[PDB]
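Scroll down for the structure; my scribbles are underneath it.
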Amino acid sequence: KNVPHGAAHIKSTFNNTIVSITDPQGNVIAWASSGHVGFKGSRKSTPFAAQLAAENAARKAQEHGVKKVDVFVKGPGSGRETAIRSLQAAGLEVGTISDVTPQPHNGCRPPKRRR
RNA sequence: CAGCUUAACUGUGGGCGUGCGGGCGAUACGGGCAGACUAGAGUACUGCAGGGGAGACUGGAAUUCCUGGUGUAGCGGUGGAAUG
């Protein structure tokens, strides 16, 4: 309902860019993905899709009263910084950035190498 | 060398018979026997490094799953998609 300070969790993969604006406790109040802002397939992986996703989630959060946001970015992607700029432009102001990508300690064998 | 005319062939004598057995010598090398030595080898002492190995216990990250909140419509995935 009212959350002045929030957290923007950004999962930017090689196939999408999901953005979840949450309270600092982690309860989501808004989110947006490329598919939600009207994309499909491989265009979801573009930075522009992340621009729009971040913009839409930021607007839905502004509706709830979110001004300062701390970012928690994860995933290689290409629309990370694009989403940062989008949040900065969609009315919010970013306080802190953090690469929270999972770094396993050599556990859980990955999938095989693509040929 | 000699003789059948020559040669082949034949004969005579020597050498060969690459060895073996006896005898008599030599003893450098190998070997045997009897010893000696420490430069090899191994032991001892002091130190040192090391994911060497085995057993037991145990740690955190991460994935997955479960449960519960928030949370809503897509996620995932590809060269692009579709199954899902």
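Chain lettering (A, B, ...) mirrors the order of the structure tokens, residue numbering begins at 1 for each chain separately, and ligand numbering begins at 1 in order of display.
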
Show which residues sit within 12 Å of residue 36 in chain A, as a PDB file with N, CA and C atoms (P, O5', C5', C4', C3', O3' and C1' of nucleotides), in the first residue's frame. Count only C-alpha atoms (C1' of nucleotides), and ignore same-chain residues fewer than 6 positions away.
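File produced: selection35.pdb:
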```
ATOM      1  N   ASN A  16      15.375 -13.310 -20.789  1.00  0.00           N
ATOM      2  CA  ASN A  16      14.361 -12.431 -20.233  1.00  0.00           C
ATOM      3  C   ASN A  16      15.008 -11.433 -19.297  1.00  0.00           C
ATOM      4  N   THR A  17      14.175 -10.529 -18.799  1.00  0.00           N
ATOM      5  CA  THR A  17      14.557  -9.578 -17.767  1.00  0.00           C
ATOM      6  C   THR A  17      13.337  -9.355 -16.893  1.00  0.00           C
ATOM      7  N   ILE A  18      13.331  -9.986 -15.737  1.00  0.00           N
ATOM      8  CA  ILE A  18      12.255  -9.863 -14.766  1.00  0.00           C
ATOM      9  C   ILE A  18      12.653  -8.817 -13.747  1.00  0.00           C
ATOM     10  N   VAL A  19      11.684  -8.016 -13.320  1.00  0.00           N
ATOM     11  CA  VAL A  19      11.896  -6.967 -12.342  1.00  0.00           C
ATOM     12  C   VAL A  19      10.797  -7.080 -11.309  1.00  0.00           C
ATOM     13  N   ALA A  30       5.069  -4.965  -6.768  1.00  0.00           N
ATOM     14  CA  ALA A  30       4.856  -4.880  -8.199  1.00  0.00           C
ATOM     15  C   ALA A  30       5.914  -5.696  -8.905  1.00  0.00           C
ATOM     16  N   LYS A  44      12.458 -10.744 -25.684  1.00  0.00           N
ATOM     17  CA  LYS A  44      12.470 -10.612 -24.239  1.00  0.00           C
ATOM     18  C   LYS A  44      13.875 -10.465 -23.687  1.00  0.00           C
ATOM     19  N   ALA A  49      13.514  -4.344 -24.019  1.00  0.00           N
ATOM     20  CA  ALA A  49      12.493  -5.043 -23.259  1.00  0.00           C
ATOM     21  C   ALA A  49      12.681  -4.829 -21.771  1.00  0.00           C
ATOM     22  N   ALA A  50      13.927  -4.772 -21.325  1.00  0.00           N
ATOM     23  CA  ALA A  50      14.191  -4.523 -19.922  1.00  0.00           C
ATOM     24  C   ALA A  50      13.915  -3.078 -19.562  1.00  0.00           C
ATOM     25  N   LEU A  52      11.478  -1.358 -20.837  1.00  0.00           N
ATOM     26  CA  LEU A  52      10.034  -1.279 -20.660  1.00  0.00           C
ATOM     27  C   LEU A  52       9.575  -2.009 -19.411  1.00  0.00           C
ATOM     28  N   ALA A  53      10.167  -3.162 -19.117  1.00  0.00           N
ATOM     29  CA  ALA A  53       9.788  -3.903 -17.922  1.00  0.00           C
ATOM     30  C   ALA A  53      10.082  -3.097 -16.669  1.00  0.00           C
ATOM     31  N   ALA A  54      11.288  -2.545 -16.586  1.00  0.00           N
ATOM     32  CA  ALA A  54      11.651  -1.709 -15.458  1.00  0.00           C
ATOM     33  C   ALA A  54      10.751  -0.492 -15.365  1.00  0.00           C
ATOM     34  N   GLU A  55      10.405   0.098 -16.507  1.00  0.00           N
ATOM     35  CA  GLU A  55       9.528   1.258 -16.513  1.00  0.00           C
ATOM     36  C   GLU A  55       8.154   0.909 -15.961  1.00  0.00           C
ATOM     37  N   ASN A  56       7.594  -0.213 -16.401  1.00  0.00           N
ATOM     38  CA  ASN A  56       6.254  -0.585 -15.976  1.00  0.00           C
ATOM     39  C   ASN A  56       6.222  -0.939 -14.501  1.00  0.00           C
ATOM     40  N   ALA A  57       7.202  -1.713 -14.041  1.00  0.00           N
ATOM     41  CA  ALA A  57       7.261  -2.045 -12.626  1.00  0.00           C
ATOM     42  C   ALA A  57       7.465  -0.797 -11.784  1.00  0.00           C
TER      43      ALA A  57
ATOM     44  P     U B  72      -0.728  -7.529  -6.817  1.00  0.00           P
ATOM     45  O5'   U B  72      -1.708  -7.766  -8.039  1.00  0.00           O
ATOM     46  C5'   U B  72      -1.990  -9.082  -8.469  1.00  0.00           C
ATOM     47  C4'   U B  72      -1.056  -9.503  -9.576  1.00  0.00           C
ATOM     48  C3'   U B  72      -1.672 -10.230 -10.758  1.00  0.00           C
ATOM     49  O3'   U B  72      -2.268  -9.345 -11.690  1.00  0.00           O
ATOM     50  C1'   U B  72       0.317 -11.308 -10.087  1.00  0.00           C
ATOM     51  P     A B  73      -2.518  -9.799 -13.212  1.00  0.00           P
ATOM     52  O5'   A B  73      -1.071  -9.798 -13.870  1.00  0.00           O
ATOM     53  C5'   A B  73      -0.949  -9.777 -15.280  1.00  0.00           C
ATOM     54  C4'   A B  73       0.120 -10.706 -15.804  1.00  0.00           C
ATOM     55  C3'   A B  73      -0.212 -11.376 -17.132  1.00  0.00           C
ATOM     56  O3'   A B  73       0.943 -11.447 -17.956  1.00  0.00           O
ATOM     57  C1'   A B  73       0.257 -13.024 -15.524  1.00  0.00           C
ATOM     58  P     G B  74       0.769 -11.439 -19.548  1.00  0.00           P
ATOM     59  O5'   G B  74       1.898 -12.431 -20.052  1.00  0.00           O
ATOM     60  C5'   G B  74       3.254 -12.175 -19.746  1.00  0.00           C
ATOM     61  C4'   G B  74       3.719 -12.979 -18.569  1.00  0.00           C
ATOM     62  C3'   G B  74       4.966 -13.811 -18.783  1.00  0.00           C
ATOM     63  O3'   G B  74       6.165 -13.071 -18.708  1.00  0.00           O
ATOM     64  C1'   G B  74       3.338 -15.137 -17.776  1.00  0.00           C
ATOM     65  P     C B  75       7.438 -13.548 -19.551  1.00  0.00           P
ATOM     66  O5'   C B  75       7.942 -14.824 -18.762  1.00  0.00           O
ATOM     67  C5'   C B  75       8.284 -14.715 -17.396  1.00  0.00           C
ATOM     68  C4'   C B  75       8.511 -16.061 -16.768  1.00  0.00           C
ATOM     69  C3'   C B  75       9.634 -16.879 -17.363  1.00  0.00           C
ATOM     70  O3'   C B  75      10.902 -16.532 -16.847  1.00  0.00           O
ATOM     71  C1'   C B  75       7.720 -18.221 -17.176  1.00  0.00           C
TER      72        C B  75
END
```

Fill in: Nearby residues (only C-alpha atoms (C1' of nucleotides)) at most 9 Å from residue 27 in chain A, same-chain spacing under 2 positions excluded, as a ChimeraX atom specification
/A:21-25,29 /B:69-71

Worksheet item: Hey, what does DSSP flag as strand (DSSP E) within chain A? Can you give it to me as a PyMOL selection string?
Response: chain A and resi 5-12+17-22+28-32+68-74+93-96

Discussion item. Between A:103, A:98, A:13, A:62, which residue has the minimum interatomic distance to residue 78 in chain A, considering only C-alpha atoms?
Written reply: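 Under the stated criterion, the closest residue is A:13.
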
Which residues of chain A come within 6 Å of chain B, and what is each one's closest atom pair and distance in Å (one decimal), counting only C-alpha atoms (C1' of nucleotides), sorted by chain and residue number, as a Markdown table?
```
| residue | atom | partner | partner_atom | distance |
| --- | --- | --- | --- | --- |
| A:27 | CA | B:70 | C1' | 3.9 |
| A:28 | CA | B:70 | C1' | 4.9 |
| A:104 | CA | B:62 | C1' | 4.3 |
| A:105 | CA | B:61 | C1' | 5.5 |
```

I need the residues from that last selection saved to file as a PDB file, in the first residue's frame (with C-alpha atoms), if you can.
```pdb
ATOM      1  CA  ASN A  27       7.135  -8.961  -0.077  1.00  0.00           C
ATOM      2  CA  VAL A  28       6.519  -8.090  -3.705  1.00  0.00           C
ATOM      3  CA  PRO A 104      28.123 -21.734  -6.201  1.00  0.00           C
ATOM      4  CA  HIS A 105      31.140 -23.183  -4.469  1.00  0.00           C
TER       5      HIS A 105
END
```

According to DSSP computed on the backbone, where in chain A is there alpha helix (DSSP H)? Give the residues as a PDB file with C-alpha atoms, in the first residue's frame.
```
ATOM      1  CA  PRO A  47      17.788  -4.357 -23.296  1.00  0.00           C
ATOM      2  CA  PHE A  48      14.825  -2.407 -24.648  1.00  0.00           C
ATOM      3  CA  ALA A  49      12.493  -5.043 -23.259  1.00  0.00           C
ATOM      4  CA  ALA A  50      14.191  -4.523 -19.922  1.00  0.00           C
ATOM      5  CA  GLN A  51      13.776  -0.771 -20.301  1.00  0.00           C
ATOM      6  CA  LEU A  52      10.034  -1.279 -20.660  1.00  0.00           C
ATOM      7  CA  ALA A  53       9.788  -3.903 -17.922  1.00  0.00           C
ATOM      8  CA  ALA A  54      11.651  -1.709 -15.458  1.00  0.00           C
ATOM      9  CA  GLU A  55       9.528   1.258 -16.513  1.00  0.00           C
ATOM     10  CA  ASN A  56       6.254  -0.585 -15.976  1.00  0.00           C
ATOM     11  CA  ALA A  57       7.261  -2.045 -12.626  1.00  0.00           C
ATOM     12  CA  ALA A  58       8.495   1.375 -11.545  1.00  0.00           C
ATOM     13  CA  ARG A  59       5.180   2.955 -12.471  1.00  0.00           C
ATOM     14  CA  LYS A  60       3.233   0.267 -10.628  1.00  0.00           C
ATOM     15  CA  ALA A  61       5.435   0.935  -7.605  1.00  0.00           C
ATOM     16  CA  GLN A  62       5.056   4.710  -7.859  1.00  0.00           C
ATOM     17  CA  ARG A  80      20.844  -4.778 -16.452  1.00  0.00           C
ATOM     18  CA  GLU A  81      22.149  -1.218 -16.736  1.00  0.00           C
ATOM     19  CA  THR A  82      19.326  -0.464 -19.143  1.00  0.00           C
ATOM     20  CA  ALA A  83      16.844  -1.400 -16.432  1.00  0.00           C
ATOM     21  CA  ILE A  84      18.788   0.706 -13.942  1.00  0.00           C
ATOM     22  CA  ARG A  85      18.484   3.717 -16.216  1.00  0.00           C
ATOM     23  CA  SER A  86      14.810   2.911 -16.743  1.00  0.00           C
ATOM     24  CA  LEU A  87      14.074   2.912 -13.027  1.00  0.00           C
ATOM     25  CA  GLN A  88      16.046   6.133 -12.671  1.00  0.00           C
ATOM     26  CA  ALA A  89      13.908   7.668 -15.423  1.00  0.00           C
TER      27      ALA A  89
END
```

Item to complete: Quick one: everything within 8 Å of residue 15 in chain A, counting only C-alpha atoms (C1' of nucleotides), minus sequence neighbours fewer than 3 positions away in the same chain. Send it as a list in words.
Response: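 Non-adjacent residues within range: residues 12, 41, 42, 44, 45 and 77 of chain A; 77 of chain B.
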
Fill in: Pairwise distance for CA of residue 2 in chain A and CA of residue 37 in chain A, rounded to one decimal in Å
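Computing the Euclidean distance for CA of residue 2 in chain A and CA of residue 37 in chain A yields 24.0 Å.
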
Worksheet item: Quick one: distance from CA of residue 94 in chain A to CA of residue 68 in chain A in Å, one decimal?
Response: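 Atom-to-atom, CA of residue 94 in chain A to CA of residue 68 in chain A, that is 5.8 Å.
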